[PDB]
Amino acid sequence: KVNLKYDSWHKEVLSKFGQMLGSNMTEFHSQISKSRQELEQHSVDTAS
Amino acid sequence: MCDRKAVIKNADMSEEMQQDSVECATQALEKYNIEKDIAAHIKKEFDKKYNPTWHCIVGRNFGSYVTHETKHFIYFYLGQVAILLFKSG
Amino acid sequence: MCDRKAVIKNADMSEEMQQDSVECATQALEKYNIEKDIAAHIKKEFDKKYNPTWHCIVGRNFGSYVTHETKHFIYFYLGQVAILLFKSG
């Protein structure tokens with residue numbers, strides 16, 4: 001009984017991390033999709 | 001339905017198109033048995049869907065290094081079959 | 001030089017271009033032990049020589065169906081190693 005309890009507790013504890021993993025995924029996307037445009041943006045000319 | 005879990009081994013992608021790739025590659029593998037023909041089916045179906053042109057390979061032992069269009073590159077595993085698909089052109 | 005006879009299956013490109021592919025592919029196979037690095041070598045040296053964008057696939061079994069611009073397609077065997085090199089970009 002307590003071994004099954006350990007297993008269930010460990011599994012549900014594991015389940016918490018996916019939210020923060022998705023958070024870092026969102027960070028990945030925000031970096032890449034914006035950085036493509038940002039690298040295409042600037043140049044030596046354009047006296048702005 | 002044989003639950004061949006997808007492990008996507010690289011992608012410069014959005015997620016919806018990756019899952020479309022997984023689903024349709026599973027459909028092709030269920031429908032055909034020739035790796036060349038699997039890649040052919042997947043390549044035509046994406047060429048129809050998200051506008052040409054891609055390049056798709058289906059196989060077990062193969063290594064690749066190509067240049068692709070941004071947000072248009074996937075490479076995953078279904079069962080024992082590695083499937084790469086990148087848009088360039 | 002181990003005379004790995006380049007039995008060439010599919011080809012839409014010139015014979016000197018074929019021979020350049022075959023020579024530097026012997027070069028890539030004799031220099032590298034990983035098929036991914038071999039393909040990276042060949043694609044990079046074709047990008048240097050015959051301009052981007054090349055796509056090289058080195059493997060022992062795989063299914064390929066790609067769109068290539070004309071005069072830029074090779075698919076041959078060095079020993080048991082299948083090599084598919086095509087330009088698309």
# chains A, B, ... in the order shown; residues from 1 in each chain; ligands from 1
$ calpha_fit_and_write --fixed "chain B" --moving "chain C" --output "PDB file with N, CA and C atoms, in the first residue's frame"
ATOM      1  N   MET C   1      -5.719   2.565 -33.640  1.00  0.00           N
ATOM      2  CA  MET C   1      -4.532   3.218 -34.181  1.00  0.00           C
ATOM      3  C   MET C   1      -3.319   2.921 -33.310  1.00  0.00           C
ATOM      4  N   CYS C   2      -2.351   2.206 -33.882  1.00  0.00           N
ATOM      5  CA  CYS C   2      -1.120   1.906 -33.164  1.00  0.00           C
ATOM      6  C   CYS C   2      -0.434   3.197 -32.739  1.00  0.00           C
ATOM      7  N   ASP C   3      -0.373   3.419 -31.426  1.00  0.00           N
ATOM      8  CA  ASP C   3       0.112   4.677 -30.864  1.00  0.00           C
ATOM      9  C   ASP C   3       1.639   4.711 -30.933  1.00  0.00           C
ATOM     10  N   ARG C   4       2.128   4.903 -32.155  1.00  0.00           N
ATOM     11  CA  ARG C   4       3.553   5.072 -32.430  1.00  0.00           C
ATOM     12  C   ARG C   4       3.938   6.451 -31.916  1.00  0.00           C
ATOM     13  N   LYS C   5       4.563   6.490 -30.740  1.00  0.00           N
ATOM     14  CA  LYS C   5       4.801   7.772 -30.089  1.00  0.00           C
ATOM     15  C   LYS C   5       5.811   8.594 -30.880  1.00  0.00           C
ATOM     16  N   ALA C   6       5.367   9.734 -31.409  1.00  0.00           N
ATOM     17  CA  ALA C   6       6.237  10.578 -32.216  1.00  0.00           C
ATOM     18  C   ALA C   6       7.206  11.316 -31.315  1.00  0.00           C
ATOM     19  N   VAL C   7       8.307  10.661 -30.970  1.00  0.00           N
ATOM     20  CA  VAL C   7       9.404  11.308 -30.268  1.00  0.00           C
ATOM     21  C   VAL C   7      10.107  12.210 -31.276  1.00  0.00           C
ATOM     22  N   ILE C   8      10.093  13.510 -31.003  1.00  0.00           N
ATOM     23  CA  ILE C   8      10.478  14.523 -31.977  1.00  0.00           C
ATOM     24  C   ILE C   8      11.810  15.124 -31.548  1.00  0.00           C
ATOM     25  N   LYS C   9      12.845  14.889 -32.357  1.00  0.00           N
ATOM     26  CA  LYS C   9      14.204  15.314 -32.043  1.00  0.00           C
ATOM     27  C   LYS C   9      14.444  16.788 -32.341  1.00  0.00           C
ATOM     28  N   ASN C  10      14.294  17.199 -33.598  1.00  0.00           N
ATOM     29  CA  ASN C  10      14.606  18.565 -33.994  1.00  0.00           C
ATOM     30  C   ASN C  10      13.364  19.209 -34.586  1.00  0.00           C
ATOM     31  N   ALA C  11      13.164  20.484 -34.270  1.00  0.00           N
ATOM     32  CA  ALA C  11      11.939  21.158 -34.685  1.00  0.00           C
ATOM     33  C   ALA C  11      12.166  22.659 -34.711  1.00  0.00           C
ATOM     34  N   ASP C  12      12.051  23.255 -35.897  1.00  0.00           N
ATOM     35  CA  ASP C  12      11.888  24.698 -36.057  1.00  0.00           C
ATOM     36  C   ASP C  12      10.612  24.887 -36.870  1.00  0.00           C
ATOM     37  N   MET C  13       9.470  24.836 -36.181  1.00  0.00           N
ATOM     38  CA  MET C  13       8.137  25.063 -36.732  1.00  0.00           C
ATOM     39  C   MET C  13       7.142  24.829 -35.600  1.00  0.00           C
ATOM     40  N   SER C  14       5.905  25.282 -35.800  1.00  0.00           N
ATOM     41  CA  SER C  14       4.963  25.376 -34.690  1.00  0.00           C
ATOM     42  C   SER C  14       4.391  24.010 -34.300  1.00  0.00           C
ATOM     43  N   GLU C  15       3.768  23.981 -33.118  1.00  0.00           N
ATOM     44  CA  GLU C  15       3.297  22.726 -32.539  1.00  0.00           C
ATOM     45  C   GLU C  15       2.092  22.165 -33.281  1.00  0.00           C
ATOM     46  N   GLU C  16       1.162  23.020 -33.715  1.00  0.00           N
ATOM     47  CA  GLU C  16       0.073  22.547 -34.569  1.00  0.00           C
ATOM     48  C   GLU C  16       0.617  22.007 -35.882  1.00  0.00           C
ATOM     49  N   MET C  17       1.633  22.667 -36.414  1.00  0.00           N
ATOM     50  CA  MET C  17       2.335  22.229 -37.606  1.00  0.00           C
ATOM     51  C   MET C  17       3.053  20.904 -37.363  1.00  0.00           C
ATOM     52  N   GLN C  18       3.662  20.761 -36.180  1.00  0.00           N
ATOM     53  CA  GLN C  18       4.212  19.485 -35.736  1.00  0.00           C
ATOM     54  C   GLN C  18       3.152  18.394 -35.731  1.00  0.00           C
ATOM     55  N   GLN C  19       1.974  18.703 -35.186  1.00  0.00           N
ATOM     56  CA  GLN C  19       0.927  17.699 -35.034  1.00  0.00           C
ATOM     57  C   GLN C  19       0.321  17.321 -36.378  1.00  0.00           C
ATOM     58  N   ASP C  20       0.206  18.285 -37.293  1.00  0.00           N
ATOM     59  CA  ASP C  20      -0.207  17.964 -38.654  1.00  0.00           C
ATOM     60  C   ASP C  20       0.784  17.011 -39.303  1.00  0.00           C
ATOM     61  N   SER C  21       2.081  17.314 -39.166  1.00  0.00           N
ATOM     62  CA  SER C  21       3.109  16.407 -39.662  1.00  0.00           C
ATOM     63  C   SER C  21       2.940  15.015 -39.066  1.00  0.00           C
ATOM     64  N   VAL C  22       2.756  14.935 -37.747  1.00  0.00           N
ATOM     65  CA  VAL C  22       2.707  13.643 -37.065  1.00  0.00           C
ATOM     66  C   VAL C  22       1.471  12.851 -37.488  1.00  0.00           C
ATOM     67  N   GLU C  23       0.310  13.514 -37.558  1.00  0.00           N
ATOM     68  CA  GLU C  23      -0.922  12.825 -37.937  1.00  0.00           C
ATOM     69  C   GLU C  23      -0.848  12.287 -39.359  1.00  0.00           C
ATOM     70  N   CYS C  24      -0.495  13.137 -40.326  1.00  0.00           N
ATOM     71  CA  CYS C  24      -0.476  12.647 -41.698  1.00  0.00           C
ATOM     72  C   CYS C  24       0.713  11.726 -41.939  1.00  0.00           C
ATOM     73  N   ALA C  25       1.720  11.761 -41.064  1.00  0.00           N
ATOM     74  CA  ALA C  25       2.817  10.808 -41.188  1.00  0.00           C
ATOM     75  C   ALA C  25       2.410   9.441 -40.671  1.00  0.00           C
ATOM     76  N   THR C  26       1.654   9.402 -39.573  1.00  0.00           N
ATOM     77  CA  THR C  26       0.987   8.164 -39.201  1.00  0.00           C
ATOM     78  C   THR C  26       0.119   7.691 -40.346  1.00  0.00           C
ATOM     79  N   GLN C  27      -0.547   8.634 -41.011  1.00  0.00           N
ATOM     80  CA  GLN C  27      -1.364   8.311 -42.171  1.00  0.00           C
ATOM     81  C   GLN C  27      -0.524   7.679 -43.278  1.00  0.00           C
ATOM     82  N   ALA C  28       0.641   8.261 -43.558  1.00  0.00           N
ATOM     83  CA  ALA C  28       1.503   7.769 -44.625  1.00  0.00           C
ATOM     84  C   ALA C  28       2.105   6.415 -44.277  1.00  0.00           C
ATOM     85  N   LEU C  29       2.519   6.235 -43.022  1.00  0.00           N
ATOM     86  CA  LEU C  29       3.115   4.971 -42.602  1.00  0.00           C
ATOM     87  C   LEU C  29       2.083   3.853 -42.569  1.00  0.00           C
ATOM     88  N   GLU C  30       0.859   4.165 -42.139  1.00  0.00           N
ATOM     89  CA  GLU C  30      -0.190   3.157 -42.073  1.00  0.00           C
ATOM     90  C   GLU C  30      -0.763   2.854 -43.452  1.00  0.00           C
ATOM     91  N   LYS C  31      -0.639   3.786 -44.398  1.00  0.00           N
ATOM     92  CA  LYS C  31      -1.148   3.571 -45.748  1.00  0.00           C
ATOM     93  C   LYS C  31      -0.134   2.891 -46.661  1.00  0.00           C
ATOM     94  N   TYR C  32       1.148   3.219 -46.520  1.00  0.00           N
ATOM     95  CA  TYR C  32       2.187   2.753 -47.426  1.00  0.00           C
ATOM     96  C   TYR C  32       3.164   1.833 -46.707  1.00  0.00           C
ATOM     97  N   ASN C  33       3.798   0.952 -47.483  1.00  0.00           N
ATOM     98  CA  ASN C  33       4.819   0.052 -46.973  1.00  0.00           C
ATOM     99  C   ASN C  33       6.219   0.387 -47.469  1.00  0.00           C
ATOM    100  N   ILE C  34       6.345   1.273 -48.454  1.00  0.00           N
ATOM    101  CA  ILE C  34       7.637   1.696 -48.981  1.00  0.00           C
ATOM    102  C   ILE C  34       7.942   3.088 -48.445  1.00  0.00           C
ATOM    103  N   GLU C  35       9.145   3.261 -47.894  1.00  0.00           N
ATOM    104  CA  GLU C  35       9.520   4.549 -47.321  1.00  0.00           C
ATOM    105  C   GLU C  35       9.549   5.642 -48.384  1.00  0.00           C
ATOM    106  N   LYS C  36       9.885   5.283 -49.627  1.00  0.00           N
ATOM    107  CA  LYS C  36       9.859   6.262 -50.709  1.00  0.00           C
ATOM    108  C   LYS C  36       8.444   6.765 -50.959  1.00  0.00           C
ATOM    109  N   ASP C  37       7.465   5.859 -50.965  1.00  0.00           N
ATOM    110  CA  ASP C  37       6.080   6.273 -51.157  1.00  0.00           C
ATOM    111  C   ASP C  37       5.567   7.059 -49.958  1.00  0.00           C
ATOM    112  N   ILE C  38       6.018   6.709 -48.751  1.00  0.00           N
ATOM    113  CA  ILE C  38       5.650   7.474 -47.560  1.00  0.00           C
ATOM    114  C   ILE C  38       6.156   8.907 -47.678  1.00  0.00           C
ATOM    115  N   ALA C  39       7.422   9.062 -48.075  1.00  0.00           N
ATOM    116  CA  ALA C  39       7.999  10.392 -48.235  1.00  0.00           C
ATOM    117  C   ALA C  39       7.307  11.165 -49.350  1.00  0.00           C
ATOM    118  N   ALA C  40       6.980  10.487 -50.455  1.00  0.00           N
ATOM    119  CA  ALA C  40       6.249  11.143 -51.533  1.00  0.00           C
ATOM    120  C   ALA C  40       4.886  11.625 -51.053  1.00  0.00           C
ATOM    121  N   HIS C  41       4.169  10.775 -50.314  1.00  0.00           N
ATOM    122  CA  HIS C  41       2.898  11.168 -49.717  1.00  0.00           C
ATOM    123  C   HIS C  41       3.048  12.425 -48.875  1.00  0.00           C
ATOM    124  N   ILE C  42       4.010  12.418 -47.952  1.00  0.00           N
ATOM    125  CA  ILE C  42       4.121  13.517 -47.000  1.00  0.00           C
ATOM    126  C   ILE C  42       4.526  14.805 -47.707  1.00  0.00           C
ATOM    127  N   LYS C  43       5.504  14.727 -48.615  1.00  0.00           N
ATOM    128  CA  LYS C  43       5.911  15.910 -49.364  1.00  0.00           C
ATOM    129  C   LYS C  43       4.761  16.457 -50.192  1.00  0.00           C
ATOM    130  N   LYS C  44       4.002  15.575 -50.847  1.00  0.00           N
ATOM    131  CA  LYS C  44       2.905  16.025 -51.694  1.00  0.00           C
ATOM    132  C   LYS C  44       1.803  16.683 -50.873  1.00  0.00           C
ATOM    133  N   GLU C  45       1.464  16.106 -49.719  1.00  0.00           N
ATOM    134  CA  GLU C  45       0.380  16.676 -48.924  1.00  0.00           C
ATOM    135  C   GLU C  45       0.822  17.951 -48.218  1.00  0.00           C
ATOM    136  N   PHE C  46       2.112  18.074 -47.916  1.00  0.00           N
ATOM    137  CA  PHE C  46       2.621  19.353 -47.441  1.00  0.00           C
ATOM    138  C   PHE C  46       2.677  20.396 -48.544  1.00  0.00           C
ATOM    139  N   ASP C  47       2.948  19.976 -49.779  1.00  0.00           N
ATOM    140  CA  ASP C  47       2.908  20.901 -50.903  1.00  0.00           C
ATOM    141  C   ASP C  47       1.484  21.377 -51.155  1.00  0.00           C
ATOM    142  N   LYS C  48       0.510  20.487 -50.961  1.00  0.00           N
ATOM    143  CA  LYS C  48      -0.894  20.859 -51.098  1.00  0.00           C
ATOM    144  C   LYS C  48      -1.342  21.775 -49.966  1.00  0.00           C
ATOM    145  N   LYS C  49      -0.927  21.471 -48.736  1.00  0.00           N
ATOM    146  CA  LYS C  49      -1.396  22.185 -47.553  1.00  0.00           C
ATOM    147  C   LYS C  49      -0.538  23.410 -47.247  1.00  0.00           C
ATOM    148  N   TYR C  50       0.776  23.221 -47.129  1.00  0.00           N
ATOM    149  CA  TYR C  50       1.684  24.283 -46.716  1.00  0.00           C
ATOM    150  C   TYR C  50       2.552  24.806 -47.859  1.00  0.00           C
ATOM    151  N   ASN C  51       2.155  24.547 -49.110  1.00  0.00           N
ATOM    152  CA  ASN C  51       2.723  25.132 -50.323  1.00  0.00           C
ATOM    153  C   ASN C  51       4.135  24.634 -50.619  1.00  0.00           C
ATOM    154  N   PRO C  52       4.511  24.556 -51.896  1.00  0.00           N
ATOM    155  CA  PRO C  52       5.861  24.105 -52.251  1.00  0.00           C
ATOM    156  C   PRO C  52       6.924  25.069 -51.740  1.00  0.00           C
ATOM    157  N   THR C  53       8.148  24.559 -51.594  1.00  0.00           N
ATOM    158  CA  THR C  53       8.483  23.171 -51.910  1.00  0.00           C
ATOM    159  C   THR C  53       8.962  22.401 -50.688  1.00  0.00           C
ATOM    160  N   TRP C  54       8.307  21.277 -50.415  1.00  0.00           N
ATOM    161  CA  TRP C  54       8.670  20.419 -49.301  1.00  0.00           C
ATOM    162  C   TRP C  54       9.632  19.318 -49.724  1.00  0.00           C
ATOM    163  N   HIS C  55      10.266  18.726 -48.719  1.00  0.00           N
ATOM    164  CA  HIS C  55      11.232  17.660 -48.917  1.00  0.00           C
ATOM    165  C   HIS C  55      11.088  16.727 -47.730  1.00  0.00           C
ATOM    166  N   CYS C  56      10.669  15.495 -48.004  1.00  0.00           N
ATOM    167  CA  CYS C  56      10.434  14.495 -46.978  1.00  0.00           C
ATOM    168  C   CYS C  56      11.397  13.333 -47.157  1.00  0.00           C
ATOM    169  N   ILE C  57      11.997  12.914 -46.051  1.00  0.00           N
ATOM    170  CA  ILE C  57      12.944  11.812 -46.020  1.00  0.00           C
ATOM    171  C   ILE C  57      12.486  10.831 -44.957  1.00  0.00           C
ATOM    172  N   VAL C  58      12.189   9.606 -45.377  1.00  0.00           N
ATOM    173  CA  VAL C  58      11.741   8.546 -44.484  1.00  0.00           C
ATOM    174  C   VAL C  58      12.773   7.433 -44.546  1.00  0.00           C
ATOM    175  N   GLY C  59      13.319   7.061 -43.394  1.00  0.00           N
ATOM    176  CA  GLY C  59      14.324   6.013 -43.407  1.00  0.00           C
ATOM    177  C   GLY C  59      14.617   5.519 -42.012  1.00  0.00           C
ATOM    178  N   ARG C  60      15.378   4.431 -41.954  1.00  0.00           N
ATOM    179  CA  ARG C  60      15.767   3.852 -40.678  1.00  0.00           C
ATOM    180  C   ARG C  60      17.151   4.290 -40.227  1.00  0.00           C
ATOM    181  N   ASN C  61      18.036   4.631 -41.161  1.00  0.00           N
ATOM    182  CA  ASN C  61      19.342   5.190 -40.823  1.00  0.00           C
ATOM    183  C   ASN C  61      19.805   6.033 -42.004  1.00  0.00           C
ATOM    184  N   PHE C  62      20.223   7.265 -41.720  1.00  0.00           N
ATOM    185  CA  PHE C  62      20.652   8.203 -42.747  1.00  0.00           C
ATOM    186  C   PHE C  62      21.268   9.426 -42.086  1.00  0.00           C
ATOM    187  N   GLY C  63      22.109  10.123 -42.844  1.00  0.00           N
ATOM    188  CA  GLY C  63      22.698  11.362 -42.378  1.00  0.00           C
ATOM    189  C   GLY C  63      22.274  12.549 -43.216  1.00  0.00           C
ATOM    190  N   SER C  64      21.599  13.511 -42.594  1.00  0.00           N
ATOM    191  CA  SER C  64      21.017  14.640 -43.302  1.00  0.00           C
ATOM    192  C   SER C  64      21.592  15.946 -42.780  1.00  0.00           C
ATOM    193  N   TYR C  65      21.940  16.836 -43.707  1.00  0.00           N
ATOM    194  CA  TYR C  65      22.348  18.204 -43.386  1.00  0.00           C
ATOM    195  C   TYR C  65      21.837  19.087 -44.518  1.00  0.00           C
ATOM    196  N   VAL C  66      20.740  19.799 -44.264  1.00  0.00           N
ATOM    197  CA  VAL C  66      20.061  20.581 -45.286  1.00  0.00           C
ATOM    198  C   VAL C  66      19.831  21.991 -44.763  1.00  0.00           C
ATOM    199  N   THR C  67      19.598  22.911 -45.694  1.00  0.00           N
ATOM    200  CA  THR C  67      19.179  24.266 -45.365  1.00  0.00           C
ATOM    201  C   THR C  67      17.680  24.391 -45.582  1.00  0.00           C
ATOM    202  N   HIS C  68      16.977  24.834 -44.549  1.00  0.00           N
ATOM    203  CA  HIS C  68      15.541  25.031 -44.611  1.00  0.00           C
ATOM    204  C   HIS C  68      15.233  26.473 -44.253  1.00  0.00           C
ATOM    205  N   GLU C  69      14.174  27.005 -44.849  1.00  0.00           N
ATOM    206  CA  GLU C  69      13.656  28.277 -44.384  1.00  0.00           C
ATOM    207  C   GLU C  69      13.126  28.118 -42.964  1.00  0.00           C
ATOM    208  N   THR C  70      13.203  29.202 -42.195  1.00  0.00           N
ATOM    209  CA  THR C  70      12.778  29.159 -40.804  1.00  0.00           C
ATOM    210  C   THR C  70      11.318  28.737 -40.704  1.00  0.00           C
ATOM    211  N   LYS C  71      10.946  28.220 -39.532  1.00  0.00           N
ATOM    212  CA  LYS C  71       9.580  27.816 -39.211  1.00  0.00           C
ATOM    213  C   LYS C  71       9.130  26.621 -40.051  1.00  0.00           C
ATOM    214  N   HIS C  72      10.059  25.913 -40.693  1.00  0.00           N
ATOM    215  CA  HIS C  72       9.707  24.851 -41.636  1.00  0.00           C
ATOM    216  C   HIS C  72      10.647  23.648 -41.519  1.00  0.00           C
ATOM    217  N   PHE C  73      10.910  23.180 -40.298  1.00  0.00           N
ATOM    218  CA  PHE C  73      11.826  22.058 -40.112  1.00  0.00           C
ATOM    219  C   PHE C  73      11.304  21.092 -39.056  1.00  0.00           C
ATOM    220  N   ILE C  74      11.235  19.802 -39.401  1.00  0.00           N
ATOM    221  CA  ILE C  74      10.901  18.768 -38.425  1.00  0.00           C
ATOM    222  C   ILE C  74      11.767  17.544 -38.683  1.00  0.00           C
ATOM    223  N   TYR C  75      12.153  16.883 -37.597  1.00  0.00           N
ATOM    224  CA  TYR C  75      12.940  15.658 -37.639  1.00  0.00           C
ATOM    225  C   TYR C  75      12.547  14.855 -36.413  1.00  0.00           C
ATOM    226  N   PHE C  76      11.739  13.813 -36.610  1.00  0.00           N
ATOM    227  CA  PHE C  76      11.172  13.074 -35.489  1.00  0.00           C
ATOM    228  C   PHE C  76      11.197  11.583 -35.800  1.00  0.00           C
ATOM    229  N   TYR C  77      10.781  10.784 -34.822  1.00  0.00           N
ATOM    230  CA  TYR C  77      10.758   9.338 -34.961  1.00  0.00           C
ATOM    231  C   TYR C  77       9.342   8.844 -34.734  1.00  0.00           C
ATOM    232  N   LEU C  78       8.848   8.040 -35.667  1.00  0.00           N
ATOM    233  CA  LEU C  78       7.638   7.249 -35.486  1.00  0.00           C
ATOM    234  C   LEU C  78       8.074   5.795 -35.374  1.00  0.00           C
ATOM    235  N   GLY C  79       7.968   5.240 -34.175  1.00  0.00           N
ATOM    236  CA  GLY C  79       8.603   3.963 -33.916  1.00  0.00           C
ATOM    237  C   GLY C  79      10.094   4.113 -34.128  1.00  0.00           C
ATOM    238  N   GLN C  80      10.671   3.207 -34.911  1.00  0.00           N
ATOM    239  CA  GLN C  80      12.075   3.296 -35.281  1.00  0.00           C
ATOM    240  C   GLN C  80      12.301   4.112 -36.545  1.00  0.00           C
ATOM    241  N   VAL C  81      11.236   4.615 -37.161  1.00  0.00           N
ATOM    242  CA  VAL C  81      11.333   5.270 -38.459  1.00  0.00           C
ATOM    243  C   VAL C  81      11.672   6.739 -38.233  1.00  0.00           C
ATOM    244  N   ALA C  82      12.799   7.182 -38.783  1.00  0.00           N
ATOM    245  CA  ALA C  82      13.152   8.590 -38.764  1.00  0.00           C
ATOM    246  C   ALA C  82      12.530   9.309 -39.955  1.00  0.00           C
ATOM    247  N   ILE C  83      11.897  10.447 -39.673  1.00  0.00           N
ATOM    248  CA  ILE C  83      11.242  11.275 -40.677  1.00  0.00           C
ATOM    249  C   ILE C  83      11.791  12.688 -40.560  1.00  0.00           C
ATOM    250  N   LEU C  84      12.361  13.189 -41.654  1.00  0.00           N
ATOM    251  CA  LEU C  84      12.853  14.561 -41.750  1.00  0.00           C
ATOM    252  C   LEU C  84      12.071  15.273 -42.845  1.00  0.00           C
ATOM    253  N   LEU C  85      11.331  16.312 -42.478  1.00  0.00           N
ATOM    254  CA  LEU C  85      10.549  17.081 -43.439  1.00  0.00           C
ATOM    255  C   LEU C  85      10.903  18.554 -43.306  1.00  0.00           C
ATOM    256  N   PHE C  86      11.338  19.158 -44.412  1.00  0.00           N
ATOM    257  CA  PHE C  86      11.696  20.570 -44.402  1.00  0.00           C
ATOM    258  C   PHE C  86      11.290  21.217 -45.717  1.00  0.00           C
ATOM    259  N   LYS C  87      11.004  22.514 -45.661  1.00  0.00           N
ATOM    260  CA  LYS C  87      10.682  23.276 -46.856  1.00  0.00           C
ATOM    261  C   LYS C  87      11.926  23.992 -47.364  1.00  0.00           C
ATOM    262  N   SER C  88      12.116  23.958 -48.680  1.00  0.00           N
ATOM    263  CA  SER C  88      13.189  24.719 -49.313  1.00  0.00           C
ATOM    264  C   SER C  88      12.869  24.862 -50.791  1.00  0.00           C
ATOM    265  N   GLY C  89      12.731  26.100 -51.251  1.00  0.00           N
ATOM    266  CA  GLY C  89      12.434  26.368 -52.643  1.00  0.00           C
ATOM    267  C   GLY C  89      12.194  27.840 -52.903  1.00  0.00           C
TER     268      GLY C  89
END
$ select_by_dssp --residues "chain A" --states "alpha helix (DSSP H)" --output "tab-separated table (two decimals) with N, CA and C atoms, in the first residue's frame"
chain	number	residue	atom	x	y	z
A	2	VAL	N	1.88	1.30	0.86
A	2	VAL	CA	2.68	2.51	0.95
A	2	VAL	C	3.62	2.62	-0.24
A	3	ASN	N	4.01	1.50	-0.85
A	3	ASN	CA	4.80	1.58	-2.08
A	3	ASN	C	3.97	2.17	-3.22
A	4	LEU	N	2.72	1.72	-3.34
A	4	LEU	CA	1.81	2.32	-4.32
A	4	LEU	C	1.59	3.80	-4.03
A	5	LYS	N	1.50	4.14	-2.74
A	5	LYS	CA	1.37	5.54	-2.34
A	5	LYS	C	2.58	6.34	-2.79
A	6	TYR	N	3.78	5.79	-2.59
A	6	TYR	CA	5.00	6.43	-3.05
A	6	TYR	C	4.95	6.65	-4.55
A	7	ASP	N	4.54	5.62	-5.30
A	7	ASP	CA	4.53	5.72	-6.75
A	7	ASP	C	3.57	6.80	-7.22
A	8	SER	N	2.36	6.81	-6.66
A	8	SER	CA	1.38	7.83	-7.05
A	8	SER	C	1.87	9.22	-6.70
A	9	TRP	N	2.45	9.38	-5.50
A	9	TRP	CA	2.94	10.68	-5.08
A	9	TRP	C	4.05	11.16	-6.00
A	10	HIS	N	4.97	10.27	-6.35
A	10	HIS	CA	6.08	10.64	-7.23
A	10	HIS	C	5.58	11.01	-8.62
A	11	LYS	N	4.61	10.27	-9.14
A	11	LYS	CA	4.05	10.59	-10.45
A	11	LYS	C	3.38	11.96	-10.44
A	12	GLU	N	2.55	12.22	-9.43
A	12	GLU	CA	1.85	13.50	-9.41
A	12	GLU	C	2.83	14.65	-9.19
A	13	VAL	N	3.91	14.41	-8.44
A	13	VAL	CA	4.95	15.42	-8.29
A	13	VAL	C	5.61	15.70	-9.63
A	14	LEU	N	5.91	14.63	-10.39
A	14	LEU	CA	6.44	14.81	-11.73
A	14	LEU	C	5.53	15.68	-12.58
A	15	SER	N	4.21	15.49	-12.43
A	15	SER	CA	3.26	16.20	-13.28
A	15	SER	C	3.37	17.71	-13.17
A	17	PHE	N	5.95	19.67	-13.37
A	17	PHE	CA	7.04	20.35	-14.06
A	17	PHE	C	6.65	20.80	-15.46
A	18	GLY	N	5.72	20.09	-16.10
A	18	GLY	CA	5.39	20.39	-17.48
A	18	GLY	C	4.94	21.82	-17.71
A	19	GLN	N	4.36	22.45	-16.69
A	19	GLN	CA	3.95	23.84	-16.81
A	19	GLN	C	5.15	24.75	-17.02
A	20	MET	N	6.17	24.61	-16.17
A	20	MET	CA	7.38	25.40	-16.31
A	20	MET	C	8.17	25.02	-17.55
A	21	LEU	N	8.11	23.75	-17.95
A	21	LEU	CA	8.72	23.36	-19.22
A	21	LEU	C	8.04	24.09	-20.38
A	22	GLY	N	6.71	24.16	-20.37
A	22	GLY	CA	6.01	24.94	-21.37
A	22	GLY	C	6.35	26.42	-21.29
A	23	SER	N	6.60	26.92	-20.08
A	23	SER	CA	7.05	28.30	-19.93
A	23	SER	C	8.37	28.53	-20.65
A	24	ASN	N	9.32	27.61	-20.48
A	24	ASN	CA	10.59	27.79	-21.18
A	24	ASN	C	10.41	27.61	-22.68
A	25	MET	N	9.46	26.77	-23.09
A	25	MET	CA	9.11	26.66	-24.51
A	25	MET	C	8.64	28.00	-25.07
A	26	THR	N	7.76	28.67	-24.32
A	26	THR	CA	7.30	29.99	-24.74
A	26	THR	C	8.46	30.96	-24.82
A	27	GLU	N	9.40	30.86	-23.88
A	27	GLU	CA	10.60	31.69	-23.96
A	27	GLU	C	11.39	31.39	-25.23
A	28	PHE	N	11.53	30.11	-25.57
A	28	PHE	CA	12.20	29.71	-26.81
A	28	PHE	C	11.55	30.38	-28.01
A	29	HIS	N	10.23	30.26	-28.12
A	29	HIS	CA	9.51	30.81	-29.27
A	29	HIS	C	9.64	32.33	-29.32
A	30	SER	N	9.49	32.99	-28.17
A	30	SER	CA	9.63	34.44	-28.14
A	30	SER	C	11.02	34.87	-28.57
A	31	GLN	N	12.04	34.10	-28.21
A	31	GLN	CA	13.38	34.40	-28.69
A	31	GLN	C	13.47	34.25	-30.21
A	32	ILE	N	13.08	33.08	-30.73
A	32	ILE	CA	13.41	32.76	-32.12
A	32	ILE	C	12.58	33.60	-33.09
A	33	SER	N	11.26	33.65	-32.88
A	33	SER	CA	10.39	34.30	-33.86
A	33	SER	C	10.65	35.80	-33.92
A	34	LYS	N	10.95	36.41	-32.77
A	34	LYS	CA	11.28	37.82	-32.74
A	34	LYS	C	12.70	38.09	-33.24
A	35	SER	N	13.63	37.17	-32.96
A	35	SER	CA	15.02	37.39	-33.34
A	35	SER	C	15.22	37.27	-34.84
A	36	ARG	N	14.42	36.45	-35.52
A	36	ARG	CA	14.50	36.42	-36.98
A	36	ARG	C	14.25	37.82	-37.56
A	37	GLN	N	13.14	38.44	-37.17
A	37	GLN	CA	12.83	39.78	-37.64
A	37	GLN	C	13.89	40.78	-37.18
A	38	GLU	N	14.36	40.64	-35.94
A	38	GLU	CA	15.32	41.60	-35.41
A	38	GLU	C	16.64	41.54	-36.17
A	39	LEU	N	17.10	40.34	-36.53
A	39	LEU	CA	18.32	40.24	-37.33
A	39	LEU	C	18.10	40.76	-38.74
A	40	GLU	N	16.90	40.54	-39.30
A	40	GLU	CA	16.61	41.13	-40.60
A	40	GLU	C	16.44	42.65	-40.53
A	41	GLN	N	16.29	43.21	-39.34
A	41	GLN	CA	15.94	44.62	-39.19
A	41	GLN	C	17.07	45.58	-39.54
